[PDB]
Amino acid sequence: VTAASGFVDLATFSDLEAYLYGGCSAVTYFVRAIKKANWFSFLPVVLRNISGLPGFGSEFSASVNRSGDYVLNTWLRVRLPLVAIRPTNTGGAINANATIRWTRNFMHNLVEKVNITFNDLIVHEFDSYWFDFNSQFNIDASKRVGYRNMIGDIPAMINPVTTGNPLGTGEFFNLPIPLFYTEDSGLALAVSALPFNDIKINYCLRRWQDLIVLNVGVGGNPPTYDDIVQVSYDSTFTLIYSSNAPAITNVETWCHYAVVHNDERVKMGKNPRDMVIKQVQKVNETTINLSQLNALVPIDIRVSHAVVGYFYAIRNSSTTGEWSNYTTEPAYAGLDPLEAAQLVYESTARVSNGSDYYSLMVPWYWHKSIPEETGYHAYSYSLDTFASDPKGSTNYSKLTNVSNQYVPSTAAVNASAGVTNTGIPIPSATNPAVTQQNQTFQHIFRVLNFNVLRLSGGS
């Protein structure tokens, strides 16, 4: 009981169907035209051995060789050995409730600002907050679990443990950073950089403290910071310790390279060209007061070049290592502190309402994805443009009296005084103090932009 050839559909070609289906438009739709391409095979390589001593408390800077031709992707590679706190530093350690934790985002937070330099300037720049944002908006609804499996994803790095039992995972972590090369634009190494560019890359790292936390326990024999030490599994499967402070062994950057026919390389030097690309900026983060009620006391300002969109947020660390919190919650994800924000202006304001607007009703209408139930406020007054395709923009050179405007919520102040809804006290991780928390707050921001690049020699 099935159809062989229903076939009646085709019989109905009236006007409505006529405008579209028939006529001089795609004489065939089933087949595909094919557009040939270039000759290029690209296999990765490691970069030179990196200046400076790398790994936690330094600012090392790699380089690039010119043997390749283009550059397409980029990332960082690391190892991390097991770490767990120990007893018997002096008469044992805390008998009962020893603790040990880690951040929620490690290789995002670990890295400090990064950027590239062409020996006279800068064209690129970043921060931890930026990976934090880009984890949500500019990455698929599907690829998130992979992203995380590559970094900071596991009840080994979270869901902490007591002292004896170990923690961590003795493997590598992969972290990608986009470095002027999201959309396969590509670079003219052998043509441009050759005389004097002296391409180079830079980093800046952090003290393992700022990434870690620990609630010293009760018992008159509390732990500390330096008692932390590496761990290992022997041949016979038993815990083994050391004195060596925790650290990452191998720090190397792995970048792809593409080669081409010598000709394609020759078409380049004869003629210079200009490129259009993105980058970021920032404003020196500042402390702020969110403790008063729904009356607009707080203020803030901003400055930048012409851009496409701009992102903002909050953070209330109030703790030595519970980074990337973004809430009136000290130890774990919480609700948003603020609402009913706005952007101050003089005339034809670019916003006139909304907080939840920003996070949600804007992406579904503009952006690619949306965030989780934590709160990464955001806004664009042009298209996504993540594809370097210019779709709407504006300048900041003008409206010289630029600024922004902010405002708290009830939960915000309830926390700033050490409480939440229903008169609830808040504890602290760094120490046991059931209440009496005056949770410090902060304000943060970032922004993209467009610029124009010329490179006949260096850039």
# chains A, B, ... in the order shown; residues from 1 in each chain; ligands from 1

call {"tool": "residues_around", "arguments": {"residues": "range 181-190 of chain A", "least_positions_apart": "4", "cutoff": "8 Å", "atoms": "only C-alpha atoms", "output": "number ranges by chain"}}
result
A: 66-73, 194, 265, 268, 387-388

call {"tool": "closest_atom_pairs", "arguments": {"of": "range 229-273 of chain A", "to": "range 74-85 of chain A", "cutoff": "7 Å", "atoms": "only C-alpha atoms", "output": "CSV"}}
result
residue,atom,partner,partner_atom,distance
A:229,CA,A:83,CA,5.9
A:230,CA,A:83,CA,4.6
A:231,CA,A:82,CA,5.0
A:232,CA,A:82,CA,6.5
A:246,CA,A:83,CA,6.9
A:248,CA,A:80,CA,5.3
A:249,CA,A:79,CA,5.9
A:250,CA,A:78,CA,5.7
A:251,CA,A:78,CA,5.2
A:252,CA,A:77,CA,5.5
A:253,CA,A:76,CA,4.6
A:254,CA,A:75,CA,5.9
A:255,CA,A:74,CA,4.9
A:256,CA,A:74,CA,6.9

call {"tool": "closest_residue", "arguments": {"among": "A:404, A:279, A:442, A:65", "to": "residue 115 in chain A", "atoms": "only C-alpha atoms"}}
result
A:279

call {"tool": "closest_residue", "arguments": {"among": "A:228, A:141, A:45, A:415", "to": "residue 372 in chain A", "atoms": "only C-alpha atoms"}}
result
A:141

call {"tool": "atom_distance", "arguments": {"atom1": "CA of residue 201 in chain A", "atom2": "CA of residue 60 in chain A"}}
result
8.5 Å

call {"tool": "closest_residue", "arguments": {"among": "A:197, A:138, A:41, A:58", "to": "residue 366 in chain A", "atoms": "only C-alpha atoms"}}
result
A:138

call {"tool": "residues_around", "arguments": {"residues": "residue 429 in chain A", "least_positions_apart": "6", "cutoff": "12 Å", "atoms": "only C-alpha atoms", "output": "PyMOL selection string"}}
result
chain A and resi 99-102+160+212-217+317-322+329-332+435+437

call {"tool": "closest_residue", "arguments": {"among": "A:116, A:341, A:308, A:31", "to": "residue 385 in chain A", "atoms": "only C-alpha atoms"}}
result
A:308

call {"tool": "closest_residue", "arguments": {"among": "A:96, A:107, A:383, A:413", "to": "residue 164 in chain A", "atoms": "only C-alpha atoms"}}
result
A:96

call {"tool": "atom_distance", "arguments": {"atom1": "CA of residue 7 in chain A", "atom2": "CA of residue 25 in chain A"}}
result
22.5 Å

call {"tool": "select_by_dssp", "arguments": {"residues": "range 365-429 of chain A", "states": "alpha helix (DSSP H)", "output": "PyMOL selection string"}}
result
chain A and resi 410-416

call {"tool": "atom_distance", "arguments": {"atom1": "CA of residue 87 in chain A", "atom2": "CA of residue 153 in chain A"}}
result
27.9 Å

call {"tool": "closest_residue", "arguments": {"among": "A:39, A:130, A:173, A:345", "to": "residue 301 in chain A", "atoms": "only C-alpha atoms"}}
result
A:345

call {"tool": "residues_around", "arguments": {"residues": "residue 302 in chain A", "least_positions_apart": "6", "cutoff": "9 Å", "atoms": "only C-alpha atoms", "output": "PyMOL selection string"}}
result
chain A and resi 282-283+402-404+445
